[PDB]
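**Student:** Any chance you can model this:
(chains A, B and C)
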Amino acid sequence: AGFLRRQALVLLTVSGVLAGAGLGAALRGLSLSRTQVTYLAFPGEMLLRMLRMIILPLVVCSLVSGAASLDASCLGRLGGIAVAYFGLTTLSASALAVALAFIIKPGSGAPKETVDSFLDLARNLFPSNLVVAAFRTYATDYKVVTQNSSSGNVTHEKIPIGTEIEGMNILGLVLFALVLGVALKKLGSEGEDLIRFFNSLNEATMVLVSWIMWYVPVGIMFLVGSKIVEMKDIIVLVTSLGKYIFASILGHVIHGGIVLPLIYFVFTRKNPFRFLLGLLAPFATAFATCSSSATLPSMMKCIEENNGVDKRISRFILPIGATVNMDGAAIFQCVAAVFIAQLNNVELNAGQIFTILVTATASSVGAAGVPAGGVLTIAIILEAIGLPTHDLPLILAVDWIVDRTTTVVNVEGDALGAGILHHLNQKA
Amino acid sequence: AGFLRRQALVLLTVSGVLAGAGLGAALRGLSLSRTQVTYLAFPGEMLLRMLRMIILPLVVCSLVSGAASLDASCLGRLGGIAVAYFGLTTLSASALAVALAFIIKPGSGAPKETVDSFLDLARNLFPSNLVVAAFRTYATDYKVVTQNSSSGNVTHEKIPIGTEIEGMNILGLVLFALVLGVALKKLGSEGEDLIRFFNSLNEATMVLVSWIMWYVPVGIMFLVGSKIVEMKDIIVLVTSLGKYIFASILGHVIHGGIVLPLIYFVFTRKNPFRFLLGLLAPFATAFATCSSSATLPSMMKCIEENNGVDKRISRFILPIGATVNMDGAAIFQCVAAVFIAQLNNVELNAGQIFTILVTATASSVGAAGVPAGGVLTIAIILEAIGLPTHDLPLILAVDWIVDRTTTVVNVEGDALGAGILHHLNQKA
Amino acid sequence: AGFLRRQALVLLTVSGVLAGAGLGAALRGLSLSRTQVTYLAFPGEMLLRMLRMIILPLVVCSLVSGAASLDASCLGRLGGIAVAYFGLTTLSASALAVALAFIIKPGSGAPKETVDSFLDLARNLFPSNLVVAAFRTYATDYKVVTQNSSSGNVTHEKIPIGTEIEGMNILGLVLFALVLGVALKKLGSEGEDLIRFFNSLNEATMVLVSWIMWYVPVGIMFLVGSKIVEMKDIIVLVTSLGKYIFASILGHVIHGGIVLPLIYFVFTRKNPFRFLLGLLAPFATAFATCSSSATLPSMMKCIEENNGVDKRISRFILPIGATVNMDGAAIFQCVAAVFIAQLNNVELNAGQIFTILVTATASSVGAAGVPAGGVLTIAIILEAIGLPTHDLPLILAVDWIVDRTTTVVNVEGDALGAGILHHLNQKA
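**Tutor:** Residues are numbered from 1 along each chain as shown, chains lettered A, B, ... in the order given. Have a look at this structure:
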């Protein structure tokens, strides 16, 4: 009876998804034309609608509230170096992840724009007014006027003129939110009350999505089967999913075992092998716990005597960096976004490669600690490009492994960051 | 001199409307083409514009503020039964009122959609984002694609696809407002300040409409005559109005004398005739006072000794239920909405029958106590369907009788509700 | 070194603009087709975008905050007369300025609507809902229906019907803001907290535009040269600018030396020449200081003994009137608006003459004290008509003279106002 209320929600979700698979496992189609099929997937559209419900208030409130507490008077003049280090390592992680994913091409088994579109991004960086930036944005298009064709430019003008196209710009909002966030804090405590306003609304708006969770197991079984009845193919999906998982885990391992150890060796001038020999058991328990936040004291408990670390920094910046610095998570969103991009065969559009990368890096200050918290990060970045999020569930049916894959590298990242900062402090 | 400032506003309004009627009572038309007529009704459009001014802030603020104070810790575990009773009796009242009005058909003397449109309502129940839901909503339409016509579906596809059509969705907003209202109260006193915010704005936004009242007598005389000059018929209007009033009063009497006494007899097992014999004078003074709130102490003063009632409940829930539970008012809005619907010959559209009914039931927590407070309820429900509200004045030129008709049944409703709750408590 | 940080920003701006002029002073065009020219003016469009960024929050917050502190309990029953005097003198100033500018016609050297469009303004005075009034408004158009052409109205109906056209209505918002501002103050201190909200946001939103100033010198040099390369004419621009400056200074002098002295003589019945003979040095130092706020004590220090003034009013209303009452500033915005209107050859449209005048008068309660504070006033009134603000810089390259021209008359205005109020108080 006690175990009934411990982890019931996950059991209900997995039972629902397997029941939906079994219902799709009926005889082949038993279906009429699209008239019957379309209205049999109604709750899935309903679930996506309720997920799109709160994309705006969360991104507009929680980001500002988080930016309000940032830059704590710069009490550590050498602390901003750590912030830049976190930013650059997240950037490099995202870049290598997307490059490797494009190299392996997972999910690809089964009117043009010139390269001068970058300025359009810069134009979408700053909306004309806030209200317009909520549903539609700016985009250029080339048309021929035959104005210079009269003399020497026959049959081709390529005159660029910008029009309005639906879809909001989360990119066009995050910078304004950050500017406002630093603004209402810089002037002093006289505008302090506004912070006490905003830092409430997030707590007021997050709770409701938990109730949305209570509906998730019901909806999923409706659209998973609704996806498999008409495909009639099972090998393609499982092969694509396996390739995606293999690519993601390979990227995580390659990042964790390579990128930061070189930087550590650059300034340590010693053996990184000696570092982790006394840390084998904390690493194992972090791998097993599936939640790096729970095993936080283990890192300090071991490295306090195993490694020549300081006492202040060991208990000063690590709690802060364990929530803001997420490493494998960004890899997860990147490999998921490119995965759906390859399923939908949309485009390469390096201009969009920059925007997805920057959104992934900027959203690394969002949900953390709780397992599978990056689903909202995936949703918002998918909304930033306007792709149908109806393929979302198939990514968290296997998250119970990518969680172990990502938490260990996420904690190792800021662990070695604290170590290299300790070494820097040893150099005075 | 003292009587000059007592009830001057009503005298000014009635003098203005009769003066406008007299100005329309000039020789038959004395009019040029529509060019002259259209710009001679300008202030009426101005009055409607100023009424549409504050439809959004009131409905978005007062509803949330009211929902914040709801569910007072459920201190009476048997109290929610009374809330359900009020909801069901209001629902039954609205249903019987609209059914009887459709039976009698008042005002009817002088591209098609299939029955599967209900889901569209459900789709409008949840907007994609709040900003879009302020001016336009979703609606499906059938078009032919001739995709299956190549084989066996010739000349007909009936493919449904949804488009955007102007007009907001008050239905698509009230549920979100209620959810937010329960949300900012459930988490605790830490978000309490937000309530102290909202419960201010209503008091800040209601006062101004009183100033709007100061303009009402001026505007009405402009458009009443502007309505009667071109019709040239007087019998139709008066006959329709008389039929409407007769239907409304018959519905009120039928509800009051029938629907609740049966429920009372079900659980009382005694004579309802003995109940009201000692209450004849309080009923008469409630009928004469035209304001049930003023005669509130009379109910308790009589039933304290005339009927075997309890002492706690007699002074505990009645003040609360005298403001939220309105009975004849809902009948009034229903019979008015169907009346303008029959004048305009729009449609039956049972799907709209559900939405008008649910809006009427949900708005029963709005303005109360003050006479003729339901005019805003009529306005908002008319806006919910997008009908021209230019026919509003003719409904409150006779409200001085429907007020007496409705207040007596409104007070008798929760009076007998308190009585049946007392009987339930007698059964322990 | 100390002088480096005193007035560095103005030096940087002027150096940037002269460098941009020198870069445009290269050999004649050295240019390819419009394809190259258009993308070489990108930062100018960027600067205009960042200026349009904060037009809405400032106008919606600062105006309400200012209106909240207005009408300080009417402690001086004769004080509202001064408010009406300020309003009427600003109105007369704007009227004479625009009339003289239209007479001189500066900058003019190098589908129709009937006169019944005034009601359209009144229709735009009150928007249907706040959200729609943020990007598009109402405007009528005449079309032919040939409905009465069948009998006697052949070939012409002129039926007016209103459609929606992009562009917001600042006029359609300021009155609502003022009404809300008086509303949340009239009900009492219970809604006081809301004021403490609004009067914060302005202080939160003004600071950021200072940072925008830090970018102004960089951007200007890009589009000034981009304006002069393709014109190839220098005489027209300098002649137009000189004519504009001469007209503005003539209008300022004519107003200051004429309009108010007559009113003073009407109620003083004495010699105005005797008034300013002892004030010659304060006037000179006000002319030299370029900032009337700095020389505020000089006025009272001289007129305390030179003129028979009272003691209370001399230090009671003058600090308040030195910030709200701006005189030459309104002349400046009027002559600038008409100047760009004549450059663009748009229209006369007396209906727009009323709206520009009323916006200029209402915005006279905005930025004051700081030199060249009226640039935002020019920007908002230009946005009210939807004209391209790309010609903004050329107006503040010479403001270093109009500042002296306008501050002296601005201070003389309320100085003589205080004098005439003192004379009125002498009459009891």
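**Student:** quick one: contacts for the closest residue to chain C within the stretch 51-200 of chain A?
**Tutor:** Proximity of the stretch 51-200 of chain A to chain C (Cβ to the nearest Cβ) peaks at residue A:131, 4.4 Å away. C-betas here are computed from N, CA, C, even on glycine. With contacts taken as Cβ atoms under 8 Å, 6 or more residues apart in numbering or on different chains, residue A:131 has the following neighbours: B:131, C:56, C:131, C:134, C:135.
**Student:** Please name the nearest non-neighbouring residue to the fourth one.
**Tutor:** Once its chain neighbours are removed from consideration, residue C:134 has its nearest residue in residue A:131; the separation is 4.4 Å (Cβ to Cβ, 6 or more residues apart in numbering or on different chains).
**Student:** Would you list the phi and psi of that neighbour?
**Tutor:** Dihedral angles phi and psi of residue A:131 (degrees, to the nearest 10) take the values phi -60, psi -40.
**Student:** Please list the residues of the stretch 101-250 of chain A that sit near chain B.
**Tutor:** Contact residues (Cβ under 8 Å from any Cβ of the partner chain) of the stretch 101-250 of chain A with chain B: A:131, A:134, A:135, A:196, A:197, A:200, A:201, A:203, A:204, A:205, A:207, A:208.
**Student:** Just the residues you listed: which are in helices?
**Tutor:** Mapping these onto helices (DSSP state H) picks out A:196, A:197, A:200, A:201, A:203, A:204, A:205, A:207, A:208.
**Student:** Quick check on these: which are buried?
**Tutor:** Neighbour-count burial (16 or more other Cβ atoms under 10 Å in any protein chain shown) applied to these gives A:197, A:200, A:201, A:203, A:204, A:205, A:208.
**Student:** Which element, helix or strand, includes the residue in the stretch 301-428 of chain A positioned nearest to chain B?
**Tutor:** Using Cβ to the nearest Cβ, the closest approach of the stretch 301-428 of chain A to chain B is made by residue A:383 at 10.4 Å. Using DSSP states H and E, the secondary-structure element containing residue A:383 is helix A:375-385.
**Student:** Chain A: strands as residue ranges?
**Tutor:** For chain A, the strands identified by DSSP state E occupy A:136-143, A:159-166, in order along the chain.
**Student:** Would you reformat those strands as CSV and include mean neighbour count?
**Tutor:** Written out in CSV, the entries for the strands of chain A read as follows (neighbours: other Cβ atoms under 10 Å in any protein chain shown):
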stretch, mean neighbour count
strand A:136-143, 15
strand A:159-166, 12
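**Student:** which parts of chain A sit against chain C?
**Tutor:** On the criterion Cβ under 8 Å from any Cβ, chain C has as its neighbours in chain A the residues A:116, A:119, A:122-123, A:126-132, A:148, A:153, A:158-160, A:179-180, A:183-184, A:186-187, A:190-191, A:193-194.
**Student:** can you do 10 Å?
**Tutor:** Applying the criterion Cβ under 10 Å from any Cβ of the partner chain, the portion of chain A that neighbours chain C consists of A:116, A:119, A:122-123, A:125-132, A:145, A:147-148, A:152-153, A:157-160, A:164, A:176, A:179-180, A:182-188, A:190-194, A:197.
**Student:** In the stretch 101-250 of chain A, what residue lies closest to chain B?
**Tutor:** Of all residues in the stretch 101-250 of chain A, residue A:134 sits closest to chain B, at 4.5 Å by Cβ to the nearest Cβ.
**Student:** Go ahead and confirm that residue touches residue B:133.
**Tutor:** No - using Cβ atoms under 10 Å, residue A:134 is not in contact with residue B:133; the gap is 11.5 Å.
**Student:** just how off-centre is the helix holding residue A:383 within its chain?
**Tutor:** Put simply, helix A:375-385 sits 7 Å off its chain's centre (Cα atoms, centre = their mean, to the nearest Å).
**Student:** Residue A:51 touches residue A:379, doesn't it?
**Tutor:** Yes - counting by Cβ under 10 Å, residue A:379 is a contact partner of residue A:51 at 6.1 Å.
**Student:** Now for those two: what residues contact both?
**Tutor:** Overlap between the contact sets of residue A:51 and residue A:379, as judged by Cβ atoms under 10 Å, 6 or more residues apart in numbering or on different chains, is given by A:389, A:392.
**Student:** Make a markdown table out of the strands of chain A and add distance to residue A:284.
**Tutor:** Formatted as a markdown table, the strands of chain A follow (distance: least, Cβ to Cβ, whole Å):
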| stretch | distance to residue A:284 |
| --- | --- |
| strand A:136-143 | 48 |
| strand A:159-166 | 51 |
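**Student:** so which of these gets nearest residue A:216?
**Tutor:** strand A:159-166 (27.9 Å; Cβ to Cβ).
**Student:** List of residues touching the closest one?
**Tutor:** Applying Cβ under 10 Å, 6+ apart, the contact partners of strand A:159-166 are A:113-114, A:116-117, A:119-120, A:123, A:132, A:135-148, A:386, B:164, C:34-35, C:38-39, C:166.
**Student:** Between strand A:136-143 and that strand, find me the angle.
**Tutor:** Note on geometry: by axes from the mean of the first three to the mean of the last three Cα atoms, to 10 degrees, strand A:159-166 and strand A:136-143 are set 150 degrees apart in direction.
**Student:** Starting from strand A:159-166, tell me which strands it pairs with and how they run.
**Tutor:** strand A:136-143 (antiparallel) (DSSP bridges).
**Student:** Residue A:148 and residue A:155 touch, don't they?
**Tutor:** No - using Cβ under 10 Å, residue A:148 and residue A:155 do not qualify as a contacting pair, with a distance of 11.0 Å.
**Student:** and the two most separated of the buried ones among the ones in helices among the residues of the stretch 101-250 of chain A next to chain B?
**Tutor:** Across those, the two lying at the largest distance from each other (Cβ to Cβ) are A:197 and A:208, at 18.3 Å.
**Student:** coming back round to it: and the residues of chain A next to chain C, which of them are buried?
**Tutor:** Using 16+ other Cβ under 10 Å, the buried ones in the residues of chain A next to chain C are A:119, A:123, A:125-130, A:132, A:153, A:157, A:159-160, A:176, A:180, A:183-185, A:191, A:194, A:197.
**Student:** ok, residue A:107 - contacts?
**Tutor:** Remark: with contacts taken as Cβ under 10 Å, 6+ apart, residue A:107 is in contact with A:101, A:236-237, A:239-241, A:243-244, A:338-345.
**Student:** Closest one of those to residue B:326?
**Tutor:** Relative to residue B:326, and with distances defined as Cβ to Cβ, the nearest of those is residue A:340, at 51.9 Å.
**Student:** Contact partners for the closest residue in space to residue A:389 that isn't next to it in sequence?
**Tutor:** Using Cβ to Cβ, 6+ apart and skipping residues adjacent in sequence, the residue nearest residue A:389 is residue A:382, 5.2 Å away. Residue A:382 is in contact with A:333, A:336, A:337, A:340, A:341, A:356, A:359, A:388, A:389, A:391, A:392, counting by Cβ under 10 Å, 6+ apart.
**Student:** Go through those residues and single out the one with the most neighbours.
**Tutor:** The member of these surrounded by the most neighbours (other Cβ atoms under 10 Å in any protein chain shown) is residue A:333, with 27 neighbours in all.
**Student:** wait, isn't residue A:250 in contact with residue A:256?
**Tutor:** No - Residue A:250 is not in contact with residue A:256 according to Cβ under 10 Å; the separation is 11.0 Å.
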